[PDB]
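Below you will find one chain, with nothing else, as structure tokens; this is the form deposited in one PDB entry, and questions on how it binds or moves follow later.
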């Protein structure tokens, strides 16, 4: 059993209301919310038990509220987001609240609060095919995916081989790079590698794809610019294996 939270990321404009959702471990009686602002400590927000709040910190002000709408879901509401609310929000649960009770953590929702949404852009995605030199030298074949020109910076890149997500032979940069470091709203670039055997790459019916889940605007977000509204979306690039 595991605590679940969806989505992994959310982008909002400052002043807007956000609702963060959790699925505590089914037989647990105590539920919790913690957050971590980047480079700071994981901090307690609130604990909940038997349809009422149990304990709350100073951070859990007038803007925060918790809800237990049924026997399965647990929610944290931020009435009016601040720039300082950008953080990883974790939900946790424990069977009881004794000294020996473990607090099991969810994977978190990373919330990004923006002052303005005018600088939000999805990525361009390109797949780079394996070098013939590497194939002949090693009998291995590395594909490279490059996601570029996106803002904000918390995308989810994945590899799909023959329509199935793969994790074997993959490594993705843990952090994107700034295309223009000197600019505060700089677009970002992120790279990943997928390495397969030369024989696998040389099968012309093996299909490779790099997919990037971008987190952006929602239907509710207002959009008055000429360009396409930068909504949450998936951007992909593909390559088929090559005999020669």
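Residue numbers count along the first chain shown, from 1. Only residues modelled in both forms are compared. Take the two forms, find the largest set of C-alpha atoms that superpose within 1.5 Å, and that set is the rigid core.
Missing here is the form deposited with a partner chain bound; even so, the following discussion is about that form.
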Its partner chain contact in the deposited complex: residue 64, any heavy atom under 4.5 Å: no
Contact test in the deposited complex: residue 30 vs its partner chain, heavy atoms, 4.5 Å: yes
Do residue 60 and its partner chain come within 4.5 Å of each other in the deposited complex, heavy atoms counted? no
State yes or no: in the deposited complex, is some non-hydrogen atom of residue 96 no more than 4.5 angstroms from a non-hydrogen atom of its partner chain? yes
Core-aligned CA displacement of residue 98 at least 2 Å between the shown form and the other one: yes
Please determine whether the C-alpha atom of residue 61 is displaced by 2 Å or more between the shown form and the other one following superposition on the rigid core. yes
Taking the cut-off of 3 Å or more as given, in which direction does the distance between the C-alpha atoms of residue 40 and residue 97 change in the deposited complex, closer or farther? farther
Looking only at residues in both forms, which consecutive runs of at least three have C-alphas displaced 2 Å or more between the shown form and the other one after fitting the rigid core? 61-63, 97-100
